[PDB]
Amino acid sequence: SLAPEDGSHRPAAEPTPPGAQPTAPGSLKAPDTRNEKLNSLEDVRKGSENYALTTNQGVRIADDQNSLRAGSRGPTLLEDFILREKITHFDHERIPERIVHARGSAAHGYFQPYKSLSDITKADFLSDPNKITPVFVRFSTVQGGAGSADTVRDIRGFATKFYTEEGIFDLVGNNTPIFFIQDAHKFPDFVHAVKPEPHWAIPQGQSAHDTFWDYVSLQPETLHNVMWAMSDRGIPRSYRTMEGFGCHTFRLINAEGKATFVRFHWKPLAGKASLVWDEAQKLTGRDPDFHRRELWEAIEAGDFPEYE
Amino acid sequence: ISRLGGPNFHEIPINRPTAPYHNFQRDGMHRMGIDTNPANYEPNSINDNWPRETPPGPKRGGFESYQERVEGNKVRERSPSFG
Amino acid sequence: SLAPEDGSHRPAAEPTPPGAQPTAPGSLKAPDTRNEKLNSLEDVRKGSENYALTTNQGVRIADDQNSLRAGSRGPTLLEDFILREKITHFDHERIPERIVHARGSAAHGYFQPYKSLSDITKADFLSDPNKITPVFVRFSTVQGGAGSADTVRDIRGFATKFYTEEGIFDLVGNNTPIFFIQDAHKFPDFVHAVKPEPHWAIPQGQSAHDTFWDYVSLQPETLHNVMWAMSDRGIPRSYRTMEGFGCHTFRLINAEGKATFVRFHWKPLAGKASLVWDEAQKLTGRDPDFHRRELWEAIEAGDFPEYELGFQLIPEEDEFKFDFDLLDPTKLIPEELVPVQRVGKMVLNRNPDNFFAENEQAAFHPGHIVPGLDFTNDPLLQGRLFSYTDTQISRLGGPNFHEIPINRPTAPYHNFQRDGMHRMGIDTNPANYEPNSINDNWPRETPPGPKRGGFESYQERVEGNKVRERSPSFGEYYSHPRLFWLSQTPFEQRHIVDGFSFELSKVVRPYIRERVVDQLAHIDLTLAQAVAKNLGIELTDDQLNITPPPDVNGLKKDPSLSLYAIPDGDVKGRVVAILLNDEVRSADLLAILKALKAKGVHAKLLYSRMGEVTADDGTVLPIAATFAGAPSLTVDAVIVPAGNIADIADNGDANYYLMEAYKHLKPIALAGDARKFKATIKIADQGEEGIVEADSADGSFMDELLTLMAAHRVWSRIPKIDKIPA
Amino acid sequence: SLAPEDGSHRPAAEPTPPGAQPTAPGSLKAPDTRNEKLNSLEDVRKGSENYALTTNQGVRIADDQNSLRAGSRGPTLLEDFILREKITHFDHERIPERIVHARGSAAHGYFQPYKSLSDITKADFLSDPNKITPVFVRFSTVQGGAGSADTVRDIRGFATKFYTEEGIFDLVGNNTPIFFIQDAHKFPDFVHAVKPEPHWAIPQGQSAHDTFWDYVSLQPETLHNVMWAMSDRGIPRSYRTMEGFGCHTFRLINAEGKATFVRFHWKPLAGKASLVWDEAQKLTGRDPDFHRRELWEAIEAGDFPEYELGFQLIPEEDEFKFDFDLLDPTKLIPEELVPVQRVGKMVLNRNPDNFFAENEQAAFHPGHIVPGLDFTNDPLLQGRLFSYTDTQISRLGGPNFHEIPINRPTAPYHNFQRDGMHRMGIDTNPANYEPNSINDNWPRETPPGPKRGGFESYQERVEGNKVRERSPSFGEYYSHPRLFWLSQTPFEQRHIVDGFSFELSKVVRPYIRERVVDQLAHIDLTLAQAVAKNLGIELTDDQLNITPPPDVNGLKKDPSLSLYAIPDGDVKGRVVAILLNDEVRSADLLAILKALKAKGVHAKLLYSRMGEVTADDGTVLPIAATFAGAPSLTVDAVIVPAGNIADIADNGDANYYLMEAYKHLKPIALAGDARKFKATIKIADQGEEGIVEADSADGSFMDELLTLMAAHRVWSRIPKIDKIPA
Ligand code: HDE
Ligand code: HDE
Ligand code: HDD
Ligand SMILES: [S]
Ligand SMILES: [S]
Ligand SMILES: [S]
């Protein structure tokens with residue numbers, strides 16, 4: 001047995017403050033946190049303790065340390081199906097990252113209304129304060145890859161998947177109330193302008209380059225969201241301490257068919273807070289995982305992110 | 001990998017083993033299994049090295065190849081015996 | 001017209017120093033640079049000046065600012081095919097990144113051998129000193145994603161695609177001469193361990209976490225490459241100033257059929273040089289693209305990256321002549337035992353046009369060899385052979401990845417393979433099989449021979465049972481780590497100590513730290529105790545008494561293993577920050593820049609704002625960056641000219657610039673009143689080695705500073721830096 | 001392993017009749033046939049003669065017969081990179097087939113208009129009678145897989161890619177002028193219903209099963225295109241002998257901005273001709289590749305498929321002037337009401353080189369229009385615009401499908417789209433967005449205008465609420481089926497009755513058959529009664545009393561809806577079987593071949609074995625195929641010359657050959673003692689219309705036979721075939 005005698009390899013399955021324990025997969029850290037979605041995932045969760053190591057085809061592996069070879073200093077044999085399955089799965093692990101918002105950190109939770117909204121909407125998840133809707137929320141930056149840094153200056157995404165009794169509702173918002181552009185037909189132009197430039201693929205995670213400011217200077221519609229990005233809105237302390245917005249006018253529709261225009265908001269119950277620029281930039285080097293880590297550890301600690 | 005879209009084709013329902021399967025492989029397109037193991041490598045101490053290798057034996061043992069004698073030079077050559 | 005009237009939007013198409021112009025696609029920057037591979041990519045280059053904007057189907061677009069809607073405030077219509085084509089292409093821009101080495105930066109160049117090596121190999125690209133071979137070279141980290149930072153602590157990859165007249169040869173190497181593990185079967189285990197942990201996908205670009213050090217503590221075979229990674233080798237100054245190595249014993253095969261064992265080397269002609277850890281880490285924040293930027297800007301300046309290819313050559317009959325196994329990729333071959341024989345020169349002289357098309361899509365694979373080369377039974381190389389073909393089926397969308405322009409051979413290629421996704425080649429052969437009579441059996445097999453012959457494997461003898469078994473000869477783990485450690489200077493040793501100490505401090509489970517300390521006590525007690533002290537761990541009496549491992553073939557050190565033991569400094573293409581004030585002494589600045597220019601060293605003029613300032617004598621000095629904007633992290637030395645020192649004397653950013661540069665062991669030069677800054681870095685009046693100072697910036701002021709630059713960093717300064725709050 | 005000395009492995013590069021030479025890739029068969037598109041593919045055509053066999057990486061292969069192994073009876077080694085590349089390419093050859101129209105056959109050609117159409121459209125490819133536009137056309141069935149049979153009962157696709165100077169225009173049509181359904185939202189329901197049923201994936205290539213008839217019985221909007229499918233239009237003789245239609249109302253837009261509604265037509269210059277069902281069905285077994293083969297061999301022979309493009313034009317003010325809705329794709333526009341105006345001619349004159357690379361990867365899509373054309377609100381066309389771009393992302397592996405060679409425009413294309421899987425184009429543009437100043441905004445938008453302008457949509461007025469609602473004007477389902485029925489000849493009508501009767505007899509659930517017969521009673525009582533009778537169903541009194549739907553704007557019939565009512569025969573390219581005996585009368589064969597040659601009719605010489613027979617005068621006659629190997633299904637008419645008739649008089653296959661031809665209404669000609677075969681098919685001494693007979697094959701005898709062939713089949717014989725046991 002490779003684990004230590006004293007059991008200190010395994011984090012306690014109880015809320016603990018940041019750095020007190022090693023972090024852990026959520027069903028091992030908090031086995032008794034449940035909601036309808038988390039429970040319905042049980043059919044695919046796979047454990048590990050006390051199980052034999054196998055191929056994907058269920059065949060037990062005896063030696064997971066060596067390839068099959070003709071003598072112990074010989075060539076590897078094509079009939080080593082154990083090696084090839086293992087290396088094949090490895091060789092194909094990666095999938096394309098999202099075109100934008102590739103960098104993001106996510107958590108499970110739930111939502112509950114304060115009161116029935118049937119006078120303004122027939123949405124079932126807003127029909128009764130007793131209706132508990134599981135959610136999965138992903139917060140993100142916009143420009144940089146999935147392996148870019150958290151505390152860049154950028155817009156942040158704030159996307160919520162509501163698993164309602166009448167279907168998935170995704171509220172796919174950002175942390176400012178507007179966008180840079182007016183018409184979707186320009187989205188690839190704007191996004192190409194902000195993204196790393198195409199000859200050499202620099203810079204990562206930054207609007208501080210010629211093509212972005214070129215586009216902005218030629219498209220004054222952009223200036224409103226540019227003001228937000230250049231403010232400390234662009235460098236939040238924490239995903240827990242920023243606002244969210246649905247960015248557009250949508251409609252609510254009630255049982256009578258009456259339409260009301262709506263814009264959505266998320267108000268952070270932990271209050272609003274941002275970094276300063278020098279600090280955010282240095283923090284991208286000292287801990288590029290800062291916001292991902294801070295969210296995970298807040299949840300492990302019982303400091304659950306709450307938004308109205 | 002092209003026909004069935006990736007390395008998780010064993011998770012396509014007809015293809016699934018009814019025997020247990022557990023290992024340190026992760027991700028790939030269309031990943032269905034959500035692994036809870038703290039470790040995705042072995043050897044590891046953080047999950048007491050589970051899942052574990054199994055010696056070969058008479059029943060329920062790990063796979064070991066028969067130790068056939070190989071002897072010859074590296075050649076692209078048809079055996080004369082096949083002619 | 002949107003372009004400015006004065007044409008300042010267009011970078012000069014001529015060599016220019018870093019920062020002097022905006023950077024550009026290679027064929028626009030340097031239209032006159034060519035080679036056989038660049039010329040052959042012309043059929044797919046697409047221009048843009050004077051052309052109409054169209055759909056992909058060649059339909060001219062009238063309005064590229066709006067969707068088609070029913071009224072100007074109405075819904076978007078499904079019949080807007082121009083919108084959907086444009087949004088569809090955007091929606092599907094990304095392809096899977098590389099499983100490992102996802103972050104990397106690439107350039108075109110050429111290779112030429114110094115003389116014919118036909119006595120030892122029949123490889124065509126090595127047969128004639130006049131034969132010039134186009135190359136495409138990609139340098140990379142290993143752990144982080146394609147959007148991770150450059151100046152992380154990690155192994156670096158160094159992959160060269162040689163476009164030879166007898167096929168593509170890819171030499172897929174790293175910047176250390178060994179690897180972490182012995183058998184390819186464990187590659188996913190080691191990679192998963194170093195990669196971000198699977199519950200939360202932290203940390204990016206770092207081995208400083210529990211699972212990495214768990215695997216290491218359980219797999220002593222890893223210790224040799226871990227030593228390299230924990231040394232300053234893990235944080236190179238530039239891809240131009242690191243070594244490259246082919247990792248494995250391969251074979252050369254000559255026309256007579258004789259095999260010679262070979263290990264491949266790349267020697268940087270700009271010399272060996274690395275950052276220090278505090279600088280490297282802070283630089284991942286200040287400029288996560290620093291190495292990609294440095295390489296591109298070196299090429300645009302004419303500071304072309306140059307490397308000498310070299311071979312360590314072992315005769316077949318010497319296979320068992322060493323204390324270690326030649327096939328063990330955790331063992332190095334010391335140069336004291338088998339010298340590097342110089343073979344040729346490679347020069348990287350053109351940047352790509354489009355990073356995605358040329359860099360992200362390029363596929364390198366060490367199985368891509370040519371007649372005159374062959375493999376060995378190294379069991380890590382053996383399994384590599386499977387992986388690099390396989391992985392392209394998802395990454396590049398199928399088996400026609402050799403038709404992607406950058407991947408195409410310049411050599412002829414004809415065969416009976418057909419179809420697959422993306423198929424470009426339209427085969428006119430009546431036959432898609434052989435043997436056939438209906439095309440008189442073309443294209444035809446070619447017997448092996450001295451030149452232009454078919455590939456035949458060397459007929460190595462194979463004898464043994466079918467086993468999954470590690471060779472006993474691989475079962476020694478500490479002697480190579482020890483030789484490495486003993487080969488380092490005292491300051492290099494200190495940085496290794498500090499590398500382990502910092503990384504283990506980020507391991508949350510203490511027992512894992514203790515276990516790695518135990519492994520270090522098997523290598524060298526001094527190293528082990530030094531790490532232990534930084535972690536609050538006390539070695540047991542048993543640990544104190546572990547017998548050190550044997551020397552390697554009588555060697556108790558090999559100086560070629562040290563970055564710095566033997567000076568190989570080169571200042572050309574290095575950079576100095578010049579700190580401006582609002583009335584610079586012009587005669588100092590003339591003297592500074594004249595001397596920098598004569599040695600090919602770049603300068604950046606920094607101030608507290610952008611725009612310009614004016615010298616004592618009317619000269620208008622343009623500012624490149626603010627002190628905060630281009631931190632000392634990004635330069636190799638700092639020079640402060642005389643003048644109105646009072647202007648910047650209480651500027652926090654200006655003071656801190658000298659403090660940071662001082663801490664990181666960089667040469668600093670102060671002229672006249674700029675000597676007032678000696679207080680901020682606590683320099684005594686009589687001066688100290690590594691701080692150049694004088695009434696004015698010449699006689700021997702610039703010579704002194706340039707001598708210091710040639711030595712890279714001021715290692716003597718190390719005991720003074722702890723006192724400095726920076 | 002090589003070619004025969006006599007060169008007989010290689011087809012002449014000259015036009016040759018079907019069967020005279022092995023077929024070959026277009027560029028080898030007809031190297032002098034060119035057009036701008038064919039030439040632009042030269043960058044990717046790959047030859048083979050005199051070239052070495054290599055890996056994809058350009059490495060020559062010495063032994064392409066064996067795997068690398070340890071000993072010649074040993075295990076294969078993982079280092080065999082030559083084996084793995086070869087096998088890997090093979091393992092990944094297949095791409096997804098098209099969701100519909102997966103079975104299809106294609107060729108290259110050109111189009112030119114007869115006169116400038118600038119008064120009605122500014123489309124550049126219709127502007128000048130001397131501007132030639134290259135085309136690539138694919139013909140298809142609909143339901144079956146890419147490996148299903150050609151001569152099924154089904155709609156056929158007819159898709160034409162025009163490579164115009166102002167962009168690709170794809171006219172993606174079918175061989176009937178309507179479709180089964182009104183709204184694209186229903187397309188997956190209809191296609192699922194006609195496709196093989198999901199539990200067991202049966203039947204292939206056939207609507208004759210319960211789900212299709214279920215959907216039809218429940219969706220009377222389908223009945224019009226059902227009538228067409230059940231008629232002989234469902235079983236064309238050749239892609240060269242069917243009509244094509246564009247299916248929807250589109251718009252032509254002239255330089256002045258005037259919109260005209262248009263429906264597109266293709267008129268086959270070889271005339272209209274179909275099989276009969278027993279022949280079509282049997283031919284799916286005897287040659288499932290019959291249409292593919294016939295197309296390819298017609299082009300190799302010089303019988304180039306020619307089609308006349310034709311437009312039905314309706315002025316904008318006439319949108320509501322018919323008793324059906326112009327935008328309803330279940331309604332045809334009768335040519336009696338709106339004549340087809342001849343617009344130009346398309347000639348298919350070269351086969352591709354590689355079916356996979358050019359045919360299977362071709363992507364056609366009706367949203368690919370050019371300035372001078374526009375859409376309408378047809379709700380079937382509207383939803384097609386979404387699907388043809390979307391489906392390419394999986395089928396062709398990403399958004400760079402336009403870079404697959406066959407799909408590339410010959411017109412310039414430049415825009416700001418970048419990346420995507422297997423990106424070929426290397427963009428040099430410093431900008432990848434607009435507006436940009438850094439490239440002075442190139443490539444730039446182009447205002448619309450008379451010629452070479454940017455695309456702008458016609459400003460159609462839209463007024464209505466956001467609704468999912470079928471237009472009330474679309475809710476009439478029986479008048480067009482009826483117009484079609486009444487326009488057919490009596491024999492065509494019998495074939496329609498037989499098609500419905502055959503298909504419904506294979507529907508297992510009897511209530512479905514009943515419900516379909518009830519629908520038929522809403523179209524025409526005679527048709528409904530005749531189908532009922534074959535199914536053993538009796539119409540109710542109510543069914544007998546259903547009022548026939550109204551005439552279509554006063555029409556009782558429109559003869560242009562019939563395949564045969566107005567003669568349009570063309571025998572050139574047709575084929576005759578000549579049944580040999582071991583001593584042919586050479587004088588008969590001379591006159592036979594001479595007359596056939598004069599009219600461009602081919603011959604295949606058949607016998608009871610392969611090899612040669614020698615005629616009465618010593619002429620050696622090579623045998624194309626045996627009686628069994630090339631059955632009467634594959635030919636248009638049968639001739640039996642005189643000679644040693646006793647040789648074949650009692651041959652069961654020779655006799656059956658005539659019984660099958662006779663049953664299938666084909667002309668038969670018998671000379672001299674071949675008149676003995678009259679007994680097998682029961683012709684009285686006096687003779688019968690459709691059997692040519694005489695003492696010898698002469699002027700008169702061949703003229704009569706050729707006149708019968710110009711009329712395609714001998715419909716008067718239908719009463720006499722019930723009795724023949726064949
Ligand atoms: C206001 C909130 C907001 C707005 C207005 C937009 N984004 Fe987002 N985006 C995608 C495309 C897209 C378009 C076409 C437009 C305007 C026309 C917006 N964005 C503006 C996308 C490429 O389809 C996207 C990438 C991956 C994906 O699935 O969709 C996408 C991502 C995205 C996210 C991330 C959600 C997640 O995966 O975690 C968020 C929060 C936004 N967008 C916000 C957003
Ligand atoms: C010796 C230099 C070296 C060594 C010893 C290895 N890598 Fe590399 N690697 C892949 C797999 C792989 C395996 C299976 C092993 C030992 C068993 C090694 N590596 C050790 C890969 C997943 O097949 C890989 C990912 C992308 C790809 O195309 O192949 C791969 C990448 C890689 C690169 C990147 C080349 C580039 O595009 O810049 C380099 C320099 C190495 N490996 C070096 C290397
Ligand atoms: C909204 C769905 C839809 C609808 C309602 C139609 N089509 Fe379609 N069609 C497709 C969706 C589609 C498709 C799914 O996109 C296909 C197969 C994949 C391909 O590229 O397009 C296709 C292929 C396809 C092809 C084959 C082109 C080739 O050779 O590659 C032809 C000829 C047609 N269609 C013709 C028609 C006609 C005459 C229609 C009646 C107006 C019609 N289609 C309606
Ligand atoms: S937004
Ligand atoms: S290596
Ligand atoms: S249609």
# chains A, B, ... in the order shown; residues from 1 in each chain; ligands from 1
call {"tool": "residues_near_ligand", "arguments": {"ligand": "ligand 5", "cutoff": "10 Å", "atoms": "only C-alpha atoms and all ligand atoms", "output": "PyMOL selection string"}}
result
chain C and resi 172-182+225+245-249+328-332+378+380-381
call {"tool": "write_last_selection", "arguments": {"atoms": "N, CA, C and O atoms", "output": "CSV table (one decimal), in the first residue's frame"}}
result
chain,number,residue,atom,x,y,z
C,172,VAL,N,12.6,15.2,-33.6
C,172,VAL,CA,11.7,15.7,-32.6
C,172,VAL,C,12.4,15.6,-31.2
C,172,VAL,O,12.4,14.6,-30.6
C,173,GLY,N,13.1,16.7,-30.8
C,173,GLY,CA,13.9,16.7,-29.6
C,173,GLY,C,13.4,17.6,-28.5
C,173,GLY,O,12.4,18.2,-28.6
C,174,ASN,N,14.1,17.6,-27.4
C,174,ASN,CA,13.8,18.5,-26.2
C,174,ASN,C,15.1,19.2,-25.8
C,174,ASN,O,16.1,19.0,-26.4
C,175,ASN,N,15.0,20.1,-24.8
C,175,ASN,CA,16.2,20.9,-24.4
C,175,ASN,C,17.0,20.3,-23.2
C,175,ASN,O,17.9,20.9,-22.6
C,176,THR,N,16.7,19.0,-23.0
C,176,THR,CA,17.5,18.2,-22.1
C,176,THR,C,17.7,16.8,-22.7
C,176,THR,O,17.0,16.4,-23.6
C,177,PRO,N,18.8,16.1,-22.4
C,177,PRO,CA,19.3,15.0,-23.1
C,177,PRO,C,18.6,13.7,-22.7
C,177,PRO,O,19.0,12.7,-23.2
C,178,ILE,N,17.7,13.8,-21.7
C,178,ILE,CA,17.0,12.5,-21.3
C,178,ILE,C,15.5,12.8,-21.1
C,178,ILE,O,15.1,13.9,-21.3
C,179,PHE,N,14.8,11.7,-20.8
C,179,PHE,CA,13.4,11.9,-20.4
C,179,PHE,C,13.1,11.4,-19.0
C,179,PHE,O,13.9,10.7,-18.3
C,180,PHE,N,11.9,11.7,-18.5
C,180,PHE,CA,11.5,11.3,-17.1
C,180,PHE,C,11.3,9.8,-17.0
C,180,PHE,O,11.4,9.3,-15.9
C,181,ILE,N,10.8,9.1,-18.0
C,181,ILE,CA,10.4,7.7,-17.9
C,181,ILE,C,11.1,6.8,-18.9
C,181,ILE,O,11.6,7.3,-19.9
C,182,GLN,N,11.1,5.5,-18.6
C,182,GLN,CA,11.9,4.5,-19.4
C,182,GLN,C,11.0,3.8,-20.5
C,182,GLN,O,11.5,3.6,-21.6
C,225,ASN,N,15.7,13.6,-15.1
C,225,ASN,CA,15.1,14.7,-15.8
C,225,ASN,C,14.5,15.7,-14.8
C,225,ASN,O,14.5,16.9,-15.2
C,245,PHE,N,18.5,18.3,-28.0
C,245,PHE,CA,18.9,16.9,-28.0
C,245,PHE,C,17.8,16.0,-28.5
C,245,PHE,O,16.6,16.3,-28.4
C,246,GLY,N,18.3,15.0,-29.2
C,246,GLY,CA,17.3,14.0,-29.8
C,246,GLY,C,16.8,12.9,-28.9
C,246,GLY,O,16.0,12.1,-29.3
C,247,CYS,N,17.2,13.0,-27.6
C,247,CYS,CA,16.6,12.1,-26.6
C,247,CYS,C,17.0,10.6,-26.6
C,247,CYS,O,17.3,10.1,-25.6
C,248,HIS,N,17.0,10.0,-27.8
C,248,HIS,CA,17.3,8.5,-27.9
C,248,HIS,C,18.5,8.2,-28.7
C,248,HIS,O,19.0,9.0,-29.6
C,249,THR,N,19.1,7.0,-28.5
C,249,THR,CA,20.0,6.4,-29.5
C,249,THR,C,19.1,6.0,-30.7
C,249,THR,O,18.1,5.2,-30.7
C,328,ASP,N,18.6,3.3,-22.7
C,328,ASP,CA,17.8,3.8,-21.5
C,328,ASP,C,17.7,5.3,-21.6
C,328,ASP,O,18.7,6.0,-21.5
C,329,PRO,N,16.4,5.8,-21.9
C,329,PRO,CA,16.3,7.2,-22.3
C,329,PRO,C,16.4,8.1,-21.0
C,329,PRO,O,16.3,9.3,-21.1
C,330,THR,N,16.6,7.5,-19.8
C,330,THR,CA,16.8,8.3,-18.6
C,330,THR,C,18.3,8.5,-18.3
C,330,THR,O,18.7,9.1,-17.3
C,331,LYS,N,19.1,7.9,-19.2
C,331,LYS,CA,20.6,8.0,-19.1
C,331,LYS,C,21.1,9.0,-20.1
C,331,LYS,O,20.7,8.9,-21.3
C,332,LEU,N,22.1,9.8,-19.8
C,332,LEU,CA,22.7,10.6,-20.8
C,332,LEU,C,24.1,10.0,-21.2
C,332,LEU,O,24.6,9.1,-20.4
C,378,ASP,N,15.2,1.3,-27.9
C,378,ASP,CA,14.9,2.2,-26.8
C,378,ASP,C,13.3,2.1,-26.6
C,378,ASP,O,12.6,2.4,-27.6
C,380,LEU,N,11.1,3.7,-25.0
C,380,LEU,CA,10.3,5.0,-25.0
C,380,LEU,C,10.2,5.4,-26.5
C,380,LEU,O,9.1,5.6,-26.9
C,381,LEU,N,11.3,5.4,-27.2
C,381,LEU,CA,11.2,5.7,-28.7
C,381,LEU,C,10.3,4.7,-29.4
C,381,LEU,O,9.5,5.1,-30.3
call {"tool": "interface_residues", "arguments": {"of": "chain A", "to": "chain B", "cutoff": "7 Å", "atoms": "only C-alpha atoms", "output": "number ranges by chain"}}
result
A: 1-3, 9-10, 24-25, 44-58, 60-64, 70, 86, 88-90, 92-95
call {"tool": "residues_near_ligand", "arguments": {"ligand": "ligand 3", "cutoff": "6 Å", "atoms": "only C-alpha atoms and all ligand atoms", "output": "PyMOL selection string"}}
result
chain D and resi 98-101+138-140+157-159+172-174+179+184+187+247+363-364+380+383-384+387-388+391
call {"tool": "residues_near_ligand", "arguments": {"ligand": "ligand 4", "cutoff": "6 Å", "atoms": "only C-alpha atoms and all ligand atoms", "output": "list in words"}}
result
residues 178, 179, 247 and 248 of chain A
call {"tool": "write_last_selection", "arguments": {"atoms": "N, CA, C and O atoms", "output": "PDB file, in the first residue's frame"}}
result
ATOM      1  N   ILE A 178     -23.792  45.463 -21.408  1.00  0.00           N
ATOM      2  CA  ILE A 178     -23.865  45.739 -22.901  1.00  0.00           C
ATOM      3  C   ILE A 178     -22.821  44.944 -23.628  1.00  0.00           C
ATOM      4  O   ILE A 178     -21.975  44.281 -23.003  1.00  0.00           O
ATOM      5  N   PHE A 179     -22.846  45.019 -24.947  1.00  0.00           N
ATOM      6  CA  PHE A 179     -21.739  44.465 -25.695  1.00  0.00           C
ATOM      7  C   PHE A 179     -21.001  45.473 -26.542  1.00  0.00           C
ATOM      8  O   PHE A 179     -21.493  46.610 -26.706  1.00  0.00           O
ATOM      9  N   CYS A 247     -27.444  40.882 -20.970  1.00  0.00           N
ATOM     10  CA  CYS A 247     -26.983  41.628 -22.172  1.00  0.00           C
ATOM     11  C   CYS A 247     -28.119  42.115 -23.137  1.00  0.00           C
ATOM     12  O   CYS A 247     -27.952  43.124 -23.792  1.00  0.00           O
ATOM     13  N   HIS A 248     -29.215  41.350 -23.294  1.00  0.00           N
ATOM     14  CA  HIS A 248     -30.353  41.716 -24.224  1.00  0.00           C
ATOM     15  C   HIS A 248     -31.698  41.883 -23.586  1.00  0.00           C
ATOM     16  O   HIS A 248     -31.941  41.298 -22.532  1.00  0.00           O
TER      17      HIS A 248
END
call {"tool": "residues_around", "arguments": {"residues": "segment 580-593 of chain D", "least_positions_apart": "4", "cutoff": "8 Å", "atoms": "only C-alpha atoms", "output": "number ranges by chain"}}
result
D: 597, 603, 605-607, 613-617, 619, 640-645, 647-648, 671, 696-699, 702
